[PDB]
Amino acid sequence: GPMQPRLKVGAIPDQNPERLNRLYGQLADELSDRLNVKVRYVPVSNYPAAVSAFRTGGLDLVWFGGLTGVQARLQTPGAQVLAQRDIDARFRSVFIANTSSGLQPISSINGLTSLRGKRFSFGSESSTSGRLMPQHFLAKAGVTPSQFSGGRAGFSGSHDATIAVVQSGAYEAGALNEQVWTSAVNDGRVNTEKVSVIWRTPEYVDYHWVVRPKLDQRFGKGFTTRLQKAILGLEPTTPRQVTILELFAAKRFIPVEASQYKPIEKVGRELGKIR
């Protein structure tokens, strides 16, 4: 570059953009200070745009879901996974229902048959915790979205929006990210008189950082390792890092296990979401 290099950081748009701008904008400044390079957060409008901008070089480092990060790595030779939160090793979805819907707590996966004929919303089409794994667990109970009221599921686009369309009564039930649910309950952003959890899924792996190949050619030998150490180094010490980690709802970032994403890829191929 005739210019000094700049690291472009992105994230799937999985909740309110104003909240994500506070998190990733502060994280860009924190990485900038830790690395002594220019770092900018570049937002995207939907989940596929995160995959595509990563693939084409519009984003260098992205906070992906399970499904989107698998897609981004399959489409981008030499992309690496760098880290995940502590909680991403053992992630869950919550199935929620409007408390007027008559839907009862479910004690087994077989109980998901109760959602046949109901208005049900997934999150993003490409969401792991809001679509893929929920659709997987539904299919094991013998429920397909064809069986919901209207012959299909809603897609709200985000974990926040799934809470909002169940809370409003526009849908009777939905599925979303358990961390976003728990944070919204704790923060007062969900009316727990109107919405309750009917089921928590089995554990699966979900969010992780994926980095583009060849960043060492742009920023110098060792940079990608320094970037991975910067993420794994995040600690609740300064106000800035306390805020970053509270918005992630993590105590720390941890390394991933080699091919811990093979079960998410397998589900993605089973449900036709991976080419």
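All residue numbers are counted from 1 along the displayed sequence.
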Comparing 140-148 with 121-129, which has the greater mean CA B-factor as deposited?
140-148
Selected stretch [higher average CA B-factor]: 86-94 or 101-109
101-109
Select one of 254, 20, 9, 258: the residue whose C-alpha shows the highest B-factor in the crystal structure entry.
258
C-alpha B factor of residue 56, ranked within the chain: lowest, middle or highest third?
highest
Comparing against every modelled residue in the chain, figure out the third that the C-alpha B-factor of residue 65 lands in (lowest, middle or highest).
lowest
Would you mind ranking residue 183 by its C-alpha B-factor against the rest of the chain and naming the third, lowest, middle or highest?
middle
How does residue 115 rank on Cα B-factor within its chain, lowest, middle or highest third?
middle
Hey, what third does residue 48 fall into on Cα B-factor, ranked over its chain?
lowest
